[PDB]
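Chemist: For reference, the file data_16.cif (mmCIF, C-alpha atoms and all ligand atoms) is included below:
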```
data_my_file
loop_
_atom_site.group_PDB
_atom_site.id
_atom_site.type_symbol
_atom_site.label_atom_id
_atom_site.label_comp_id
_atom_site.auth_asym_id
_atom_site.auth_seq_id
_atom_site.Cartn_x
_atom_site.Cartn_y
_atom_site.Cartn_z
ATOM 1 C CA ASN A 25 39.104 74.868 94.719
ATOM 2 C CA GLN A 26 37.669 75.159 98.205
ATOM 3 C CA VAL A 27 35.759 72.686 100.178
ATOM 4 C CA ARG A 28 33.778 72.938 103.379
ATOM 5 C CA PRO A 29 34.530 70.277 105.953
ATOM 6 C CA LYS A 30 31.533 68.879 107.803
ATOM 7 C CA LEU A 31 31.550 69.685 111.498
ATOM 8 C CA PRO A 32 33.523 66.727 112.843
ATOM 9 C CA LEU A 33 36.325 67.235 110.351
ATOM 10 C CA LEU A 34 36.126 70.995 110.807
ATOM 11 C CA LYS A 35 36.510 70.556 114.620
ATOM 12 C CA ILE A 36 39.591 68.462 113.949
ATOM 13 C CA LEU A 37 41.200 71.084 111.695
ATOM 14 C CA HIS A 38 40.387 73.854 114.169
ATOM 15 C CA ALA A 39 41.912 71.727 116.964
ATOM 16 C CA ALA A 40 45.186 71.834 115.017
ATOM 17 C CA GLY A 41 45.085 75.624 114.648
ATOM 18 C CA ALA A 42 43.085 76.029 111.465
ATOM 19 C CA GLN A 43 40.723 78.994 111.150
ATOM 20 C CA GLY A 44 37.525 79.481 109.145
ATOM 21 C CA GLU A 45 35.312 77.061 107.202
ATOM 22 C CA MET A 46 36.772 76.843 103.713
ATOM 23 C CA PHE A 47 39.958 75.029 102.766
ATOM 24 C CA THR A 48 41.847 73.479 99.931
ATOM 25 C CA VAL A 49 42.371 69.734 100.228
ATOM 26 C CA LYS A 50 46.087 70.521 100.569
ATOM 27 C CA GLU A 51 45.237 72.536 103.689
ATOM 28 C CA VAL A 52 42.919 69.861 105.051
ATOM 29 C CA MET A 53 45.619 67.225 104.751
ATOM 30 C CA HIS A 54 48.256 69.421 106.262
ATOM 31 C CA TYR A 55 46.073 70.247 109.261
ATOM 32 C CA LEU A 56 45.140 66.569 109.660
ATOM 33 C CA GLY A 57 48.816 65.651 109.899
ATOM 34 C CA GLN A 58 49.344 68.451 112.422
ATOM 35 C CA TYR A 59 46.310 67.253 114.399
ATOM 36 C CA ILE A 60 47.755 63.773 114.705
ATOM 37 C CA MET A 61 50.912 65.343 116.146
ATOM 38 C CA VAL A 62 49.164 67.875 118.431
ATOM 39 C CA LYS A 63 47.025 65.131 119.939
ATOM 40 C CA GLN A 64 49.931 62.673 120.086
ATOM 41 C CA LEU A 65 47.959 60.020 118.213
ATOM 42 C CA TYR A 66 50.995 58.673 116.338
ATOM 43 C CA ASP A 67 53.290 56.254 118.113
ATOM 44 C CA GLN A 68 56.684 57.716 118.936
ATOM 45 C CA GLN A 69 58.081 54.189 118.505
ATOM 46 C CA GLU A 70 56.251 53.476 115.214
ATOM 47 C CA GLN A 71 55.844 56.888 113.783
ATOM 48 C CA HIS A 72 53.772 55.934 110.772
ATOM 49 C CA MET A 73 51.163 54.288 113.018
ATOM 50 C CA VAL A 74 48.269 56.259 114.372
ATOM 51 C CA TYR A 75 46.092 54.935 117.179
ATOM 52 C CA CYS A 76 42.841 56.861 116.944
ATOM 53 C CA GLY A 77 40.152 54.633 118.419
ATOM 54 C CA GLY A 78 39.629 56.969 121.366
ATOM 55 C CA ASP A 79 39.596 60.091 119.199
ATOM 56 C CA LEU A 80 37.128 61.818 116.932
ATOM 57 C CA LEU A 81 39.523 61.028 114.078
ATOM 58 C CA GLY A 82 38.862 57.306 114.636
ATOM 59 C CA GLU A 83 35.128 57.838 114.545
ATOM 60 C CA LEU A 84 35.430 59.568 111.209
ATOM 61 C CA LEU A 85 37.691 56.859 109.774
ATOM 62 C CA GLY A 86 35.589 54.139 111.322
ATOM 63 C CA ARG A 87 38.855 52.479 112.356
ATOM 64 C CA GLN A 88 40.837 52.171 115.611
ATOM 65 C CA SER A 89 44.231 52.649 113.992
ATOM 66 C CA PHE A 90 45.762 53.152 110.616
ATOM 67 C CA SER A 91 49.158 53.205 108.957
ATOM 68 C CA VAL A 92 50.295 56.279 107.138
ATOM 69 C CA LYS A 93 52.279 53.870 104.947
ATOM 70 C CA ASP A 94 49.005 52.395 103.663
ATOM 71 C CA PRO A 95 46.367 54.956 104.536
ATOM 72 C CA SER A 96 43.346 53.438 102.731
ATOM 73 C CA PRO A 97 40.613 54.405 105.237
ATOM 74 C CA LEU A 98 41.402 58.057 104.847
ATOM 75 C CA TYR A 99 40.042 58.323 101.341
ATOM 76 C CA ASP A 100 36.431 57.529 102.040
ATOM 77 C CA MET A 101 36.502 59.618 105.168
ATOM 78 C CA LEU A 102 37.461 62.672 103.133
ATOM 79 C CA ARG A 103 34.772 61.926 100.542
ATOM 80 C CA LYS A 104 32.168 61.771 103.351
ATOM 81 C CA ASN A 105 33.394 64.840 105.209
ATOM 82 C CA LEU A 106 34.172 67.324 102.520
ATOM 83 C CA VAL A 107 31.443 69.235 100.737
HETATM 84 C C1 LIG T 201 55.978 61.861 113.398
HETATM 85 N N1 LIG T 201 56.316 62.484 112.151
HETATM 86 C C2 LIG T 201 56.727 61.294 111.405
HETATM 87 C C3 LIG T 201 55.372 63.131 111.272
HETATM 88 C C4 LIG T 201 56.008 63.835 110.086
HETATM 89 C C5 LIG T 201 54.946 64.845 109.676
HETATM 90 N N2 LIG T 201 55.285 65.672 108.529
HETATM 91 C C6 LIG T 201 56.558 66.376 108.499
HETATM 92 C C7 LIG T 201 54.210 66.231 107.716
HETATM 93 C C8 LIG T 201 54.640 66.881 106.390
HETATM 94 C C9 LIG T 201 53.292 66.981 105.659
HETATM 95 N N3 LIG T 201 52.486 65.875 106.231
HETATM 96 C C10 LIG T 201 51.250 65.635 105.847
HETATM 97 O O1 LIG T 201 50.731 66.368 104.997
HETATM 98 C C11 LIG T 201 50.390 64.536 106.405
HETATM 99 N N4 LIG T 201 49.086 64.730 106.466
HETATM 100 C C12 LIG T 201 48.508 63.675 106.986
HETATM 101 C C13 LIG T 201 47.172 63.416 107.214
HETATM 102 C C14 LIG T 201 46.811 62.186 107.753
HETATM 103 CL CL1 LIG T 201 45.149 61.835 108.061
HETATM 104 C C15 LIG T 201 47.782 61.229 108.023
HETATM 105 C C16 LIG T 201 49.135 61.492 107.784
HETATM 106 C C17 LIG T 201 49.487 62.721 107.240
HETATM 107 C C18 LIG T 201 50.710 63.286 106.917
HETATM 108 C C19 LIG T 201 51.918 62.568 106.940
HETATM 109 C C20 LIG T 201 52.553 61.876 107.971
HETATM 110 C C21 LIG T 201 52.304 61.873 109.339
HETATM 111 C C22 LIG T 201 52.772 60.789 110.072
HETATM 112 C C23 LIG T 201 52.606 60.752 111.458
HETATM 113 C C24 LIG T 201 51.950 61.807 112.109
HETATM 114 C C25 LIG T 201 51.486 62.879 111.349
HETATM 115 C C26 LIG T 201 51.640 62.912 109.968
HETATM 116 N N5 LIG T 201 53.630 61.255 107.463
HETATM 117 C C27 LIG T 201 53.648 61.469 106.156
HETATM 118 N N6 LIG T 201 52.621 62.230 105.845
HETATM 119 C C28 LIG T 201 52.347 62.638 104.469
HETATM 120 C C29 LIG T 201 51.060 61.938 103.975
HETATM 121 C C30 LIG T 201 50.028 62.699 103.454
HETATM 122 C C31 LIG T 201 48.855 62.100 103.002
HETATM 123 C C32 LIG T 201 48.681 60.726 103.086
HETATM 124 CL CL2 LIG T 201 47.227 59.959 102.537
HETATM 125 C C33 LIG T 201 49.696 59.963 103.622
HETATM 126 C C34 LIG T 201 50.881 60.564 104.083
HETATM 127 C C35 LIG T 201 53.193 65.176 107.319
HETATM 128 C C1 LIG T 202 29.694 60.246 99.587
HETATM 129 N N1 LIG T 202 29.279 61.592 99.160
HETATM 130 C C2 LIG T 202 29.174 62.517 100.328
HETATM 131 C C3 LIG T 202 30.313 61.901 98.113
HETATM 132 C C4 LIG T 202 30.066 63.145 97.179
HETATM 133 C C5 LIG T 202 31.361 63.524 96.329
HETATM 134 N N2 LIG T 202 31.278 64.290 95.047
HETATM 135 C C6 LIG T 202 29.922 64.783 94.708
HETATM 136 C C7 LIG T 202 32.495 64.641 94.167
HETATM 137 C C8 LIG T 202 32.605 66.016 93.455
HETATM 138 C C9 LIG T 202 34.078 65.956 92.941
HETATM 139 N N3 LIG T 202 34.773 65.103 93.938
HETATM 140 C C10 LIG T 202 36.070 64.752 93.999
HETATM 141 O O1 LIG T 202 36.824 65.068 93.094
HETATM 142 C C11 LIG T 202 36.617 63.808 95.076
HETATM 143 N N4 LIG T 202 36.081 62.591 95.188
HETATM 144 C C12 LIG T 202 36.676 61.900 96.154
HETATM 145 C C13 LIG T 202 36.476 60.605 96.642
HETATM 146 C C14 LIG T 202 37.266 60.108 97.690
HETATM 147 CL CL1 LIG T 202 37.042 58.487 98.331
HETATM 148 C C15 LIG T 202 38.260 60.940 98.234
HETATM 149 C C16 LIG T 202 38.456 62.237 97.742
HETATM 150 C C17 LIG T 202 37.669 62.717 96.697
HETATM 151 C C18 LIG T 202 37.651 63.922 96.022
HETATM 152 C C19 LIG T 202 38.573 64.917 96.378
HETATM 153 C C20 LIG T 202 38.323 66.225 96.831
HETATM 154 C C21 LIG T 202 37.094 66.881 96.986
HETATM 155 C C22 LIG T 202 36.983 67.910 97.925
HETATM 156 C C23 LIG T 202 35.769 68.586 98.088
HETATM 157 C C24 LIG T 202 34.670 68.255 97.313
HETATM 158 C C25 LIG T 202 34.784 67.248 96.363
HETATM 159 C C26 LIG T 202 35.990 66.568 96.197
HETATM 160 N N5 LIG T 202 39.512 66.773 97.081
HETATM 161 C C27 LIG T 202 40.487 65.882 96.830
HETATM 162 N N6 LIG T 202 39.916 64.738 96.419
HETATM 163 C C28 LIG T 202 40.618 63.465 95.988
HETATM 164 C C29 LIG T 202 41.755 62.906 96.869
HETATM 165 C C30 LIG T 202 42.031 61.532 96.850
HETATM 166 C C31 LIG T 202 43.048 61.022 97.631
HETATM 167 C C32 LIG T 202 43.784 61.895 98.412
HETATM 168 CL CL2 LIG T 202 45.015 61.207 99.356
HETATM 169 C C33 LIG T 202 43.517 63.261 98.449
HETATM 170 C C34 LIG T 202 42.490 63.776 97.661
HETATM 171 C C35 LIG T 202 33.805 64.718 94.968
#
```
Turn the structure described in the file into structure tokens.
Ligand SMILES: CN(C)CCCN(C)[C@H]1CCN(C(=O)c2[nH]c3cc(Cl)ccc3c2-c2c(-c3ccccc3)ncn2Cc2ccc(Cl)cc2)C1
Ligand SMILES: CN(C)CCCN(C)[C@H]1CCN(C(=O)c2[nH]c3cc(Cl)ccc3c2-c2c(-c3ccccc3)ncn2Cc2ccc(Cl)cc2)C1

Modeler:
Amino acid sequence: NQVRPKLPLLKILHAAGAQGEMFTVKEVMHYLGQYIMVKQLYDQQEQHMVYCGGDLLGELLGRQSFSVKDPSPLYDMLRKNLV
């Protein structure tokens, strides 16, 4: 059960060490979490909060920040970026 991430999401996964074009959603989500850490987008003082307005991840979410505790914007992003 592989999808192909569209370029902007693919760039993001590759930026977290992913290789290739095809992934399971499990992989996608794991690399996304790693990306947030690699790029230090989460707040060390509020570790469920991600400030992504200056990052490609924000453009994809269409949001400047989100909470991993209530991660609503993620779902549509994945629908739009996974073929
Ligand atoms: C600063 N630390 C607190 C981070 C702990 C990270 N941790 C060990 C890993 C284990 C597998 N994880 C994930 O699969 C995971 N994937 C993500 C993908 C996104 Cl877009 C957002 C959050 C997470 C995300 C994730 C996060 C998270 C939080 C801050 C920075 C990076 C990742 N925390 C919990 N999760 C699990 C999760 C998965 C999916 C959703 Cl929708 C929500 C939460 C997190
Ligand atoms: C706007 N268009 C560009 C949309 C075309 C979409 N389409 C034709 C169907 C075909 C069947 N699909 C799914 O089962 C599927 N649909 C979703 C819708 C959303 Cl908002 C989020 C994830 C998935 C989601 C999904 C997938 C996935 C991956 C690749 C291709 C299709 C679907 N993988 C996991 N999910 C669901 C999901 C929901 C929440 C979380 Cl936290 C993680 C995964 C997609």

Chemist: Listing only residues of segment 74-107 of chain A within 12 Å of segment 31-45 of chain A, what is the closest atom pair and its distance in Å (to one decimal) for each, using only C-alpha atoms, sorted by chain and residue number ascending, as JSON lines?

Modeler:
```
{"residue": "A:79", "atom": "CA", "partner": "A:36", "partner_atom": "CA", "distance": 9.9}
{"residue": "A:80", "atom": "CA", "partner": "A:32", "partner_atom": "CA", "distance": 7.3}
{"residue": "A:81", "atom": "CA", "partner": "A:36", "partner_atom": "CA", "distance": 7.4}
{"residue": "A:82", "atom": "CA", "partner": "A:32", "partner_atom": "CA", "distance": 11.0}
{"residue": "A:83", "atom": "CA", "partner": "A:32", "partner_atom": "CA", "distance": 9.2}
{"residue": "A:84", "atom": "CA", "partner": "A:32", "partner_atom": "CA", "distance": 7.6}
{"residue": "A:85", "atom": "CA", "partner": "A:33", "partner_atom": "CA", "distance": 10.5}
{"residue": "A:98", "atom": "CA", "partner": "A:33", "partner_atom": "CA", "distance": 11.8}
{"residue": "A:101", "atom": "CA", "partner": "A:33", "partner_atom": "CA", "distance": 9.2}
{"residue": "A:102", "atom": "CA", "partner": "A:33", "partner_atom": "CA", "distance": 8.6}
{"residue": "A:103", "atom": "CA", "partner": "A:33", "partner_atom": "CA", "distance": 11.3}
{"residue": "A:104", "atom": "CA", "partner": "A:33", "partner_atom": "CA", "distance": 9.8}
{"residue": "A:105", "atom": "CA", "partner": "A:33", "partner_atom": "CA", "distance": 6.4}
{"residue": "A:106", "atom": "CA", "partner": "A:33", "partner_atom": "CA", "distance": 8.1}
{"residue": "A:107", "atom": "CA", "partner": "A:31", "partner_atom": "CA", "distance": 10.8}
```

Chemist: Show me, as CSV, the residues of chain A having an atom within 9 Å of ligand LIG 201 (chain T), each with the closest atom pair and its distance in Å, using all atoms listed in the file.

Modeler:
```
residue,atom,partner,partner_atom,distance
A:50,CA,T:LIG201,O1,7.6
A:51,CA,T:LIG201,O1,8.4
A:52,CA,T:LIG201,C13,8.0
A:53,CA,T:LIG201,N4,4.6
A:54,CA,T:LIG201,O1,4.1
A:55,CA,T:LIG201,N4,6.9
A:56,CA,T:LIG201,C13,4.5
A:57,CA,T:LIG201,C12,3.5
A:58,CA,T:LIG201,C25,6.1
A:59,CA,T:LIG201,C25,7.4
A:60,CA,T:LIG201,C25,5.1
A:61,CA,T:LIG201,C25,5.4
A:62,CA,T:LIG201,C25,9.0
A:64,CA,T:LIG201,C24,8.3
A:65,CA,T:LIG201,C24,7.5
A:66,CA,T:LIG201,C24,5.3
A:67,CA,T:LIG201,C1,7.8
A:68,CA,T:LIG201,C1,7.0
A:70,CA,T:LIG201,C1,8.6
A:71,CA,T:LIG201,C1,5.0
A:72,CA,T:LIG201,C23,5.0
A:73,CA,T:LIG201,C23,6.8
A:74,CA,T:LIG201,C23,6.9
A:81,CA,T:LIG201,CL1,8.3
A:90,CA,T:LIG201,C15,8.7
A:91,CA,T:LIG201,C15,8.2
A:92,CA,T:LIG201,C33,5.1
A:93,CA,T:LIG201,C33,6.7
A:94,CA,T:LIG201,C33,7.6
A:95,CA,T:LIG201,CL2,5.5
A:96,CA,T:LIG201,CL2,7.6
A:98,CA,T:LIG201,CL1,6.2
A:99,CA,T:LIG201,CL2,7.5
```

Chemist: Suppose you want the space between atom CA of residue 78 of chain A and atom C11 of ligand LIG 202 (chain T); what is it in Å?

Modeler: 27.3 Å

Chemist: Find the residue from A:49, A:30, A:86, A:77 that sits nearest to ligand LIG 202 (chain T); use all atoms listed in the file when measuring.

Modeler: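 Smallest separation from ligand LIG 202 (chain T) among the options: A:49.
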
Chemist: Using 3 Å of padding on each side, determine the axis-aligned box around all atoms of ligand LIG 202 (chain T) present in the file and give its centre and edge lengths in Å to one decimal, as AutoDock Vina command-line options.

Modeler:
```
--center_x 37.1 --center_y 63.5 --center_z 96.6 --size_x 21.8 --size_y 16.1 --size_z 13.4
```

Chemist: Suppose you want the space between atom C31 of ligand LIG 202 (chain T) and atom CA of residue 69 of chain A; what is it in Å?

Modeler: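 Between atom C31 of ligand LIG 202 (chain T) and atom CA of residue 69 of chain A the gap is 26.6 Å.
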
Chemist: So how many Å separate atom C6 of ligand LIG 202 (chain T) and atom CA of residue 75 of chain A, to one decimal?

Modeler: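 A separation of 29.4 Å between them.
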
Chemist: Given the file shown, enumerate the residues that the PyMOL selection byres (((chain A and resi 26) around 6) and not hetatm) captures and present them as number ranges by chain.

Modeler: A: 25, 27, 46-48
